[PDB]
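Single-letter residue listing:
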2 protein chains.
Amino acid sequence: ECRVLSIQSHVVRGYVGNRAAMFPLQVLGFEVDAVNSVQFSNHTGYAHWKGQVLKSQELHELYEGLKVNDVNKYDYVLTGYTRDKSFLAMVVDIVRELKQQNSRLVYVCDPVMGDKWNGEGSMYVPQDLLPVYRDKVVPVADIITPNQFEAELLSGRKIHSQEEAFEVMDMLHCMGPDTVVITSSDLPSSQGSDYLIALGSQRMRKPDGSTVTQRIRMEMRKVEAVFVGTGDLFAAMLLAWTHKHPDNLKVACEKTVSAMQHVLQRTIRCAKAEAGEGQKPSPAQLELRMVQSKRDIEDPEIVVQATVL
Amino acid sequence: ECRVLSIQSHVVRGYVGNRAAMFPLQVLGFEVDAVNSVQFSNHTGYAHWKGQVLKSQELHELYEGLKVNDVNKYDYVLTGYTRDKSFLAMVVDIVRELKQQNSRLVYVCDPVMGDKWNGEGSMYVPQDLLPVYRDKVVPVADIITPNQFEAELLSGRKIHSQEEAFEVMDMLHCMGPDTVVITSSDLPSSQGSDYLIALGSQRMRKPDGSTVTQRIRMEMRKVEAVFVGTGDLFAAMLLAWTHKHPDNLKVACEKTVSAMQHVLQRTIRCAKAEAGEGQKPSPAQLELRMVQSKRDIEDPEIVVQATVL
Ligand SMILES: Nc1ncnc2c1ncn2[C@@H]1O[C@H](COP(=O)(O)OP(=O)(O)OP(O)(O)=S)[C@@H](O)[C@H]1O
Ligand SMILES: Nc1ncnc2c1ncn2[C@@H]1O[C@H](COP(=O)(O)OP(=O)(O)OP(O)(O)=S)[C@@H](O)[C@H]1O
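Residues numbered from 1 in each chain as written, not as in the entry; some residues may be left out. Chains lettered and ligands numbered in written order. Heavy atoms only, no water. Residues with missing side-chain atoms left out of burial classes, pairs and counts.

- Its PDB header names X-ray crystallography as the technique used to obtain the model and reports a resolution of 2.90 Å.

- Per the PDB entry, the recorded name for chain A is Pyridoxal kinase, and the organism is Mus musculus.
- Within the Protein Data Bank, this record goes by the title "Crystal structure of mouse pyridoxal kinase in complex with ATP-gamma-S".
- For the record of chain A, the UniProt heading Subcellular location holds the text "Cytoplasm, Cytosol". (UniProt positions renumbered as here; feature names shortened; annotations may be inferred.)

Set out below in structure tokens:
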């Protein structure tokens, strides 16, 4: 039995945050203790949204409720989108305490700050969080899944080539996490502009005390839509598949990405079905077809192959 | 697809309310929009607990967030334990509006108000809701899953025999819902004192335009432990199987009760395993093994047979 503490947002409708994380982890065999950092009607990509946000003090109370009953015992910790610096500090405190309690605990972190629109890079999170993630969160993480912009923000270096990207990933390894995946990047692909490039790096221990970094690269088809909650889903499935494949980042990333691709392909198909023929689907019609993809999440058909560098 | 609006509690750890309803319904192929009426660390059976309660105003805003985006379209509505009169009135208003929008909507309601400890009957809910449930909720409900004590409260008449139980169920049919299932009772079983009796009743329209009431009985073995969330799970799975078998309450209840049986058998097994040999398992060790029972929930092996009266 593998228990994951997932502290993420909750939407009444749709799949972002914990809604995008609990179902896949449960279908993949993980107990999930879920702290819903917000309760919104839907994700903010909609025209409107209503709801409430959990205060950090409220998050602390929940964790203390678990601690008092001696149930604050976890094998993993999963976090994602946060706009409250204090809440991030609370999460870091909790992770440190759980790691004192269990040295084998794995903290998977999606450090969400921004993304590259067109060629420009833009942050959708308060700026005062960049120090935190860099100085307090990522140092305590074991798996991080940033995108190129976030990788650049964390390392302070811009990425212009794949070799520069892996130098940045080595810097991130040095900051803390032994597994680093750059989920998206503006690096060119060998198949064309319709494919996106993602890279992975896992540093592993040797018998002599030394350490070897395994590097992998993946090219994925781009689906022509903007989806929300994809990162959150990606980090959950990466957690699961790295757990089953702790020494093979290649296989874990292959399974994860294939499952993402399956989910997105089904989602874009059903979205264009709901919308008129040749019509732009709305955020509501682009909600991930999570339920309808259960089997794909359980045992994905491999549709991408990672190259070991 | 089939979308369910489920307004129930949420626990960080464990399976009650939405935690006990979302996963099975999603695994059974239903889109689920979930409104967490509360967020607690764990259910109140533990030694300690902390969390927050959603206000009715907050519930209204979530529903309005869905409405403004033209996303308040549902095939089912599912509710359970509530302690606030205003919250129940809000739920009733929402159900009324959704039924105005769609006459085919089915409201599944577990009218949770109390249960029978030993032979005595005791209430878990403020008294001012019993009028509400009787006068405002049940009238707009289509499926209800009360226990003997709740059925007695709603009907105002005590149940001493199975014939009296079906008279009470006919009264409840008269109050609104065309399907009524009494999930637990103190009626004797021909197989022993370790069997629990559940009864069902569905009013169905015939081809001639008239209506026939189908009644069924189920004898199920007691598992000697106290579980939490079982009503929530029961109602969710009953919703699913009645959707699959709209004219066969027999099969729907057989599947539902079999899944419950599988889940509870696995749960008591693993709970006694976690606890010492010959040790009473704790509330924490008796949390439903929801994830590990996925497959049984997907397609339960029939282990009980309902007799058609
Ligand atoms: N339109 C898309 N086409 C193909 N893959 C996508 C698409 N959107 C998301 N993905 C997949 O989802 C992963 C994460 O994407 P996103 O998270 O949406 O983008 P991102 O830039 O990583 O944003 P983050 O990591 O959450 S802040 C990517 O690495 C892809 O695997
Ligand atoms: N100890 C048990 N032994 C066998 N079956 C059980 C047990 N507890 C729960 N169940 C199953 O789950 C259902 C339990 O429903 P209950 O939780 O008893 O409903 P209730 O507690 O009587 O009141 P409500 O309003 O439904 S929450 C039963 O119909 C059984 O299917």
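Still more to cover.
**Here's the deal with the pairing of strand β10 (residues 195-205) of chain A**
Regular strands show a simple pattern: their side chains alternate between the two faces of the sheet.
Residue and element names in this part refer to chain A.
Here is step 1 of the chain: Examined bridge by bridge, strand β9 (residues 179-182) and β10 share four bridges and lie antiparallel to one another. In the strand pairing of β10, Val181 is matched with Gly200.
Here is step 2 of the chain: Between β10 and strand β11 (residues 211-221), which pair antiparallel and follow one another directly, the connecting turn spans five residues, one of which, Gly209, has a positive phi of 95°. (Pairing = 2+ DSSP bridges. Helix = DSSP H or I, 4+ residues; strand = E, 2+ residues; numbered from the N terminus.)

**What about the site of ligand 2?**
Residue and element names in this part refer to chain B.
Here is step 1 of the chain: Of all residues adjacent to ligand 2, which total 16 residues, the nearest are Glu150, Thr183, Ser184, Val223 and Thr230.
Here is step 2 of the chain: One of the side-chain N or O atoms of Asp110 is found 3.0 Å from an oxygen atom in ligand 2.
Here is step 3 of the chain: Measuring from an oxygen atom of ligand 2, one finds a side-chain N or O atom of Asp115 at 3.0 Å.
Here is step 4 of the chain: Looking at the shell around ligand 2, the elements with two or more residues in it are β11 (211-221), α7 (230-244) and α8 (249-274).
Here is step 5 of the chain: The residue makeup of the shell around ligand 2, split by class, is five nonpolar, six polar and five charged. (Near = heavy atom within 4 Å. Polar contact = N/O pair within 3.5 Å; in protein donor to acceptor, adjacent residues only side chain to side chain. Nonpolar A, V, L, I, M, F, W, Y, C, P; charged D, E, K, R; others polar.)

**Quick notes on the site of ligand 1**
All names here are of chain A.
Here is step 1 of the chain: Contacts to ligand 1 come from 20 residues, most closely from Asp115, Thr183, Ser184, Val223 and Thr230.
Here is step 2 of the chain: Here an oxygen atom of ligand 1 and a side-chain polar atom of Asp115 are 3.0 Å apart.
Here is step 3 of the chain: A distance of 3.3 Å separates an oxygen atom of ligand 1 from a polar atom in the backbone of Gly231.
Here is step 4 of the chain: Isolated, ligand 1 exposes 590 Å² of accessible area, and the fraction of that covered by the protein chains is 88%.
Here is step 5 of the chain: Those elements that place two or more of their residues in the shell around ligand 1 are β11, α7 (230-244) and α8 (249-274).
Here is step 6 of the chain: For the shell around ligand 1, the residue count by class is nine nonpolar, six polar and five charged. (Areas by Shrake-Rupley, 256 points an atom, 1.4 Å probe, with all protein chains shown as cover.)

**A closer look at the relation of the copies chain A and chain B**
Here is step 1 of the chain: Structural alignment of chain A on chain B gives an RMSD of 0.4 Å, achieved by rotating through 180° and translating 0.1 Å along the axis. Such a turn and shift between the copies fits a two-fold axis. Every residue of chain A has its C-alpha some distance from the rotation axis, and the shortest such distance is that of A:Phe23, at 3.4 Å. (Least-squares fit on C-alpha atoms.)

**What to know about the packing of helix α2 (residues 56-68) of chain A against helix α3 (residues 85-101) of chain A**
Residues and elements named next belong to chain A.
Here is step 1 of the chain: Between α2 and α3, the least distance of the axes is 9 Å, while the angle of their chain directions is 20°. By the angle between their directions, the pair α2 and α3 is classed as roughly parallel. Crossing geometry of α2 relative to α3 is assigned as right-handed. Taken together, the residues of α3 that come into contact with α2 (itself represented by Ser56, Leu59, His60, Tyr63 and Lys67) are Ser86, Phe87, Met90, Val91, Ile94, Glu97 and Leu98. (Axes fitted to C-alpha atoms, helices over the stretch in contact; angles between N-to-C directions. Parallel < 35°, antiparallel > 145°, perpendicular 65-115°, else oblique. Left-handed = near helix turned anticlockwise from the far one by under 90°. Contact = heavy atoms within 4.5 Å.)

**So, the UniProt feature "binding site: Na(+)" in chain A**
Residue and element names in this part refer to chain A.
Here is step 1 of the chain: Mapped onto the present numbering, the UniProt feature "binding site: Na(+)" falls at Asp110, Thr145 and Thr183. Maximum C-alpha separation among the annotated residues is 10.0 Å over a sequence range of 74 residues, consistent with a single clustered spot.
Here is step 2 of the chain: As for its placement among the helices and strands, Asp110 is situated in the loop between β5 (106-109) and β6 (114-117).
Here is step 3 of the chain: Not counting residues within four places of it along the chain, the set of residues in contact with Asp110 comprises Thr79, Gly80, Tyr133, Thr145, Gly231 and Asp232.
Here is step 4 of the chain: Mapped onto the secondary structure, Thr145 falls in the loop between β8 (143-144) and α5 (148-155).

**Examining the environment of B:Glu219**
All names here are of chain B.
Here is step 1 of the chain: Checked against the element boundaries, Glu219 lands in strand β11.
Here is step 2 of the chain: Linking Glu219 and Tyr124, residues 95 residues apart in sequence, is a C-alpha distance of 26 Å.
Here is step 3 of the chain: Dropping the residues within four chain positions of it, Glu219 is found in contact with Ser189, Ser190, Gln191, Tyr195, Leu196, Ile197 and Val304.
Here is step 4 of the chain: A distance of 2.6 Å separates the side chain of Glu219 from the side chain of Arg217, its partner in a polar contact.

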